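Below is one structure, written out as structure tokens, with a few remarks after it.
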Amino acid sequence: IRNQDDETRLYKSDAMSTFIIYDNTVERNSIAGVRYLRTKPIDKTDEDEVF
Amino acid sequence: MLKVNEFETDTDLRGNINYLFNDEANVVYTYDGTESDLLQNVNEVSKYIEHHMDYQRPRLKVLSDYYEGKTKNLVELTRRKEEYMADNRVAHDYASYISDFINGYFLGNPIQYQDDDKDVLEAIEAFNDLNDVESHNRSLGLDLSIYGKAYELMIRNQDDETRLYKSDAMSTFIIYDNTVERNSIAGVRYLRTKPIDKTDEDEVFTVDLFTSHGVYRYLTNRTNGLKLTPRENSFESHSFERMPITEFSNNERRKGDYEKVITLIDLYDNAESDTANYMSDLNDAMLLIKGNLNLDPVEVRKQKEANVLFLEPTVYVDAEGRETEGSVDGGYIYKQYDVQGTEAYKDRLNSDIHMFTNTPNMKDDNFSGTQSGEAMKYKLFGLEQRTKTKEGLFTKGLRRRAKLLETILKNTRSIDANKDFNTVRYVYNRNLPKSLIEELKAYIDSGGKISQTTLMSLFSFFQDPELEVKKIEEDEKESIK
Amino acid sequence: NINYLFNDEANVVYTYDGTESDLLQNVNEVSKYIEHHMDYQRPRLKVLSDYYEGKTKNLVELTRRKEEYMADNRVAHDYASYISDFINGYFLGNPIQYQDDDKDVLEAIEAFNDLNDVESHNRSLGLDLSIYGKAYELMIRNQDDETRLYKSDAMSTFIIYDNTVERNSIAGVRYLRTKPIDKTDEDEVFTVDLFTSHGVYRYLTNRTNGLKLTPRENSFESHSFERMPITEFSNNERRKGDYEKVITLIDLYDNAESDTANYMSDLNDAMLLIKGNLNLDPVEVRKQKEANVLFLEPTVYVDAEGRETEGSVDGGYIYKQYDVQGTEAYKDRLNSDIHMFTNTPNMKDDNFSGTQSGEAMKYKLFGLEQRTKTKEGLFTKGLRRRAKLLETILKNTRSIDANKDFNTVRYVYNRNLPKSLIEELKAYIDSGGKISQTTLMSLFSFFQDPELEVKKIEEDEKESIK
Amino acid sequence: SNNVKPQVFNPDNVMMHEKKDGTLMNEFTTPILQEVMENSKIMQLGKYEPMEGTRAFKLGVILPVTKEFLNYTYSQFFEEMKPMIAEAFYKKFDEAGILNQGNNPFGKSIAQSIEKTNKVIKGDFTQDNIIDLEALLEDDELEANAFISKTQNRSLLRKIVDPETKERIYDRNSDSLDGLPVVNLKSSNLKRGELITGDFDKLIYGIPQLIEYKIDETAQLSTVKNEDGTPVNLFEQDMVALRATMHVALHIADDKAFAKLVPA
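Chains as they are written, first to last, in PDB author numbering: chain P4, 155 to 205; chain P3, 1 to 481; chain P2, 16 to 481; chain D2, 16 to 69, 104 to 313.
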């Protein structure tokens, strides 16, 4: 990502929360990637698993 | 049952026939007619596709499952027990161990190219760099190790580039000319589309048929009897002059490197899960107490902490006044099994699995002094004999890859029509371990020369391999004063 | 097995008393030979092939197996493949080199070899020699007007020889089953191609009519050689395979190992034995894995006159056992004998001293070398015929001067023993050898750019002058 | 224990591995949530008040579980049950504050505010009755902020259309009436034909203590009698119990800020 301070930064993305959807052709270009995270407070376990 | 009508009952036993050694699998498909005679009667290709699904794919699928470690012992839950004991099913992954070792030995060190004409050599090198051919070659050599064969497809991309892609062995095949020359008449690839959230009611297959002049695209279902229906914009011309798919073989028979020892892998899985059952299900030891006695189950809880065990026998009184004592007894008992015989049997299985695959038996191994590069060459002698044949067939495939590349380059006039690509020499190096210090000493002795910057680049104690040169010029300069 | 491998009619050499004309006018005789081959020689070859593919007798001879509740546990060990690949790689893993005093002939040979990829062809012939004991190659002037060399399968090719002591080859035949894939196409049609010294005759046949040879449309096809194009190679003077004589031991090893796999599958490893008159609750028995005390209280028997006596209760573990000493000594003997009779190194009883793997290896393979040297003689005997054919077609096409002679070629064989480039370099540069810098660099793989390095050396060596 | 008949408890609130008919729940499949878990409506609508100390009242519950059940039936039970208790607390608090139901401890509630001010509309759902309901609030300079409704009456709301603009006054996709959001109450006490509205910023609440959970393997549950009438001892009967507690406070700043529509 190009950071707000205008610098090129590289960050690892956790495998349990990231995946990629690839093009169906034999070349398999990457069409789109998704990341999803569970928002939580530290103690009060949410009754809805909001992502 | 009468076996005559087990079929009509649909009792006719499902899930039986052995897949690896069947006579229909592993056959080479041939056709008597020309490409035109085949293409005008596309139904024939339907027959070949169906045969491939009913016989060849199951074999390749089993070989793949063993490479993934999904051995028979994990999936054959039919006769297992889990009412109160643990399942303790096991898979040992010998297939992965073997095939990664053998392929790393063959193609772990990149193939080098030599030619007398630098224009051809640089066109080859340009294509290889664009297609990352080193990694591609490794992944072919691994399909060669698993399935016994591998495929590669070459296509002129939309961005006007020559691209090389591996084609999945479970979804590709080639139909050959019936003559003794066995030219490839046509190639096919077919993939199951499916929704991600569901199984389609039918099974839908997309089918691509590659001829010497173009690609034809079709659609089919398992439930339609695979009636090939042209897809929208079915035909697509390609500028080669021969069928683009190439097939590489592990050996003459196209047999996988562990295909012949799967039964020993199974026997080893069964033996080890058997011992794991014995361990799970039998009590290690127990305190045996015999004889007529009163045991308080409240008192038995002291068994861990009592020092003295006192057994007082029941005294029996006879009606005529005689007295006699019951026979009390006590002692520990413990479970035991034939360790000698089971370890000798499991050791024989492991030894045979390594022997029939020429893989080093790590359990019965010693290191010959210190010189790894020559010590391995003794042990890997048997594996070298097979690899040299595989190397011959692999080069036979690369020559066709080059023939295709020269054809497309000439048709695009990206190279002079005068060039010939069959002069290229493919040089193979094995992935044996090497000793840079002993090689430097062998190269600089005997008259070798090395540039200072390169020599420095070989030793990692130099933190700045170039700056060091300036620092040396400074020292050597002030030494003049 | 036995009745196919060691039969008296299999593996014989066909001879014919008449000339080529005497046969070709009486093509029915070729039918007799084709039938004899199918009836006797082909079964043997099939069995040898099946063993190479690992389809040993134990896998298919289900006839006496059991599967009512136990597993089958049939096994095949693949000794045939291990042996044949090892022996063949030792003989032909290193390409045959060619020498000649005349460069025109040498380059015509090398051109033919390069076009036909003769290195791989030779290796494949060596493999067929190892498994079947014989091999065949066919040479044809292609439609694209090139001299091509193709291997011919042993199960479908044979040669009929002149009856005289010289045994010239009179005629070769190839017979092939056409079959489609969709149907187990029930009729036995064969296409039979008969090769003479002047052309190929094509026929159709089927078994039902006694293999009556009926000419195919456009039956005849001329070829420009002057001798029968198919060549035969022999593994030894008896044309016997390499593992053919140990198949019976391979069978015994399969049977022994599947026997132990049965003993392992069918018997319980151990059990808790409890004796005597007692009450066991099948619900309480399930605590067996987690109970600490086993308490056995004997039944008390009361006599009619009032006497009392106790039953004999008992308990203890029992476990299955087998004669490990005898079975492992026996299986070790079978394995050792297979390796001894095939001169293949017995990996289970093996050691290595020092570092010179290649110099020590000639000791262990000394027994194998004695057989390989004979195979080498017969192989060269065949290659000389290949060259004779090639010179004939080249002369008839006038691609070479009629003055040349091909029998001067020297075929040089190298074994595939392991080698040690650092020792060989030290031995070559000691004793006065010379090497060009670019070549020397090409031998060592730590040079990332063997040619750029030369420029990079010139820069340094130039600034060293100042 | 060696008892082969299962222990009868009174009340029968103890979770057990074995039913009264002798069925062991062995191999037992993981339960799944057939419904969305419900969230507190007054915690959604009302205004939060930072509060130190306690008026507050204490909510609480105890869930006993037989350790055989905690072992051999559903091991994760206490992790999967904590949200379900949070649901139960939300429902108890909502029902007390809104409907004045469930022995609410406060002397304050929306139902009591409406019943005091008599700000009730008799009638069926019509555009004129919705407008009159809102005007009952705007009469006293207060503007409606949201609607509270029994979800089973969306069938009634879809049938109302503005006869001038000639469109549905109720957006069934947004679940907003006349542009105001409608929250649904699952409780059985608010009847089909009843609708509530108000300026919920006039309803204030506080939470001195968030939901605190404590798992215990040792206490005595005086309130649960064994079949013989002796109190349940967790440690001795090999039993476990989870205690959950929370403190909540409720305040209504202006009891004229709420109005109710009810069937005639």
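Just so you know, even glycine gets a beta-carbon here, dropped at the ideal spot from N, CA and C.
query                                                                                                                                                 : result
Pick from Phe462 (chain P2), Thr387 (chain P2), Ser446 (chain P2) that is closest to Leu107 (chain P2), judged by C-alpha positions                   : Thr387 (chain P2)
Residue closest to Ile264 (chain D2), alpha-carbon to alpha-carbon, out of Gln150 (chain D2), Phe196 (chain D2), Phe126 (chain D2), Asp277 (chain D2) : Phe126 (chain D2)
Closer than 8 Å at the beta carbon, the chain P3 residues around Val188 (chain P4)                                                                    : Neighbours of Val188 (chain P4) on chain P3: none; closest Cβ ~13 Å, over 8 Å.
Supposed close pair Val215 (chain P2), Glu236 (chain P2) - CB separation, criterion 8 Å                                                               : 5 Å
Members of the stretch 240-268 of chain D2 that neighbour chain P4 once the beta carbon cut-off is set at 8 Å                                         : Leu259, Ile260
Cβ-Cβ separation, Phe142 (chain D2) to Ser55 (chain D2) (assumed contact under 8 Å), whole Å                                                          : 6 Å
C-beta atoms of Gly148 (chain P2) and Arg59 (chain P2) nearer than 7 Å                                                                                : no
Host beta strand (DSSP E) of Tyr216 (chain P2) (start-end)                                                                                            : 214-221
Residues of its chain near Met31 (chain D2), where Cβ-Cβ distance is below 7 Å and the 5 sequence neighbours each way are ignored                     : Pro21, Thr115, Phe118
Limits of the unbroken alpha helix (DSSP H) element including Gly104 (chain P2)                                                                       : 94-107
Integer-rounded CB distance, given that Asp304 (chain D2) should sit under 8 Å from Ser204 (chain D2)                                                 : The pair is not a contact, with the Cβ atoms about 32 Å apart (cut-off 8 Å).
Chain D2 contact residues for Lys198 (chain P4), given Cβ-Cβ distances below 9 Å                                                                      : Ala135, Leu259, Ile260
CB contact flag (residue 487 (chain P3), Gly373 (chain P3), <7 Å)                                                                                     : Outside the modelled stretch of chain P3, which goes from 1 to 481, sits residue 487 (chain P3), for which no answer is possible.
Contact the stretch 362-376 of chain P2 vs the stretch 198-210 of chain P2: 3+ CB pairs below 8 Å                                                     : no
Start-end ranges of the beta strand (DSSP E) lying completely within the stretch 120-182 of chain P3, minimum 3 residues                              : 149-156, 162-167, 172-177
Beta carbon of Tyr268 (chain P2) nearer than 7 Å to that of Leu349 (chain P2)                                                                         : yes
Sequence-distant residues of its chain with Cβ nearer than 8 Å to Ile175 (chain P2) (five each side left out)                                         : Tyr29, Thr30, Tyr31, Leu38, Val45, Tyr48, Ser184, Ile185, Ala186, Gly187, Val188
Beta-carbon proximity of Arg241 (chain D2) to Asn282 (chain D2), cut-off 7 Å                                                                          : no
Cross-chain neighbours of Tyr165 (chain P3) in chain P4, by beta carbon under 8 Å                                                                     : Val180, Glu181
Interface residues of chain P3 facing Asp132 (chain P2) [CB-CB closer than 9 Å]                                                                       : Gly392, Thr395, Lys396, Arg399
Terminal residues of the alpha helix (DSSP H) in which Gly397 (chain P3) lies                                                                         : 381-411
Cβ of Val339 (chain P2) within 7 Å of any chain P3 Cβ                                                                                                 : yes
Helix, strand or coil at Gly146 (chain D2) [DSSP, three-state]                                                                                        : helix
Cα-Cα separation, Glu183 (chain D2) to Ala308 (chain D2)                                                                                              : 8 Å
Residue from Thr272 (chain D2), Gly228 (chain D2), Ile179 (chain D2) whose Cα sits closest to the Cα of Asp27 (chain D2)                              : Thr272 (chain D2)
Any chain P4 beta carbon closer than 7 Å to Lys235 (chain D2)                                                                                         : no
Cβ-based burial, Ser171 (chain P3) [other Cβ within 10 Å; buried from 16]                                                                             : buried
Neighbourhood of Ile111 (chain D2) by C-beta, 6 Å cutoff - its chain only, sequence neighbours within 5 removed                                       : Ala290, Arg292
Meets three-Cβ-pair contact criterion under 8 Å: the stretch 336-348 of chain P2 and the stretch 294-303 of chain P2                                  : no
Three-way DSSP call (helix, strand, coil) for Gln114 (chain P3) in this model                                                                         : strand
Cα-Cα separation, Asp181 (chain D2) to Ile170 (chain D2)                                                                                              : 8 Å
Contacts that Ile333 (chain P3) makes with chain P2 (C-beta to C-beta distance below 8 Å)                                                             : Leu309, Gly330, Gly331, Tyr332
Short CB-CB distance (under 7 Å) between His51 (chain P3) and chain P2                                                                                : yes
Entirely enclosed alpha helix (DSSP H) segments - the stretch 423-467 of chain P3, minimum 4 residues                                                 : 436-444, 452-458
Limits of the alpha helix (DSSP H) - the one that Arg57 (chain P2) falls within                                                                       : 57-67
Residue from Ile218 (chain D2), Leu60 (chain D2), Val51 (chain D2), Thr38 (chain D2) whose Cα sits closest to the Cα of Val232 (chain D2)             : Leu60 (chain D2)
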